[PDB]
């Protein structure tokens, strides 16, 4: 839904499929914890490796990313992702996501100019020769890099790095949206959030009254509220009924998303939503292995497009996503609402799904069980 987004849009179902398989996988390996990551950022970091991959290494990357090579060209995927990053990262554009990919490669290996140029042009890759036999100084320099790159918002990407690391793939992304409809800060008050409930925490609960996109599904036992950001990003806030999270996790896919957005309608309501911040920080190898991306991690990797020899493999891929949510920030037609409008209060665990409306991509997937962690 942006026309400049032509190449990016060809990617829309494949990226959404990947986004939600990844989600299904990760909620299994960690069933009662905060989950927070950037699908678009993971998809983008891996497609970028595909630039340098050959044969079955390459085919597994692209397929595990949910592309079917018999129906889409490799040219189009890279064109797609270049168009996507360009739109998400562009200053004049609707998101300013500032999502970043970096590789840290052992000084003991060669790099091809062809890979460095292709990956810079397409994917804005920064690549660093790294002496992993100085773990202390490697760690400190990598974390300083993430810190400086994120204007302070993300620090401590890596800790205790194997001195035999061949290549670290880093993707990281910080976001704070500006709300199309701001919450009034005078009315934020600490209220109770029900984690367990053997557990209960106090959270600053924001408040706003007004017309918001809303939908209830009975099938899933979920209240859906959708809030726009200024620009083109939008947030779906999904409140499952007590006892219905496991079920929502196991079903959630892009068809569920399309159902929701097809059926949202503006409803006047009292909205209570926590002011909070969340990080997710993962080494994502297993998850991707389980999704069928195998050889890239093993000695059977063909990354010869990177080094010019079949000597490279991905030792470690760290993904860190970070988000702040608060009240901020910035007429002639106003509804005459019913006497006792509904109240929706996100005060028990919920999903937060952040998308771009210009490229129809999933920017963030959050499962918030405890907004004070």
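Positions refer to the first chain, counted from 1.
Count of coordinate-less deposited residues separating residue 330 and residue 331, as none, 1 to 3, 4 to 9, or 10 or more?
Unmodelled stretch: 4 to 9 residues.
Could you check the entry and say whether 154-162 or 118-126 has the higher mean CA B-factor?
Stretch with the greater average CA B-factor: 154-162.
Per the PDB record, is the mean Cα temperature factor higher over 35-43 or over 310-318?
For C-alpha atoms only, the mean B-factor is higher in 310-318.
Taking the Cα B-factors listed in the entry, which of 254, 78, 202, 181 comes out highest?
Out of 254, 78, 202, 181, the record gives the largest C-alpha B-factor to 202.
Please work out which residue in 228, 242, 275, 176 has the highest C-alpha B-factor recorded for this crystal structure.
Out of 228, 242, 275, 176, the record gives the largest C-alpha B-factor to 242.
Place residue 134 in the lowest, middle or highest third of its chain's C-alpha B-factors, as listed in the PDB entry.
Top third by C-alpha B-factor.
When the deposited Cα B-factors of this chain's modelled residues are ordered and cut into thirds, is residue 145 in the lowest, the middle or the highest one?
Answer is middle: the recorded C-alpha B-factor places it there.
Place residue 347 in the lowest, middle or highest third of its chain's C-alpha B-factors, as listed in the PDB entry.
Tercile = middle for this residue's CA B-factor.
Going by the recorded CA B-factors, say which third of the chain residue 265 sits in, lowest, middle or highest.
Within its chain, residue 265 is a middle-third residue by C-alpha B-factor, going by the deposited values.
Considering every modelled residue of the chain and its Cα B-factor in the PDB entry, is residue 197 in the lowest, middle or highest third?
It belongs to the highest third of the chain when residues are ordered by C-alpha B-factor.
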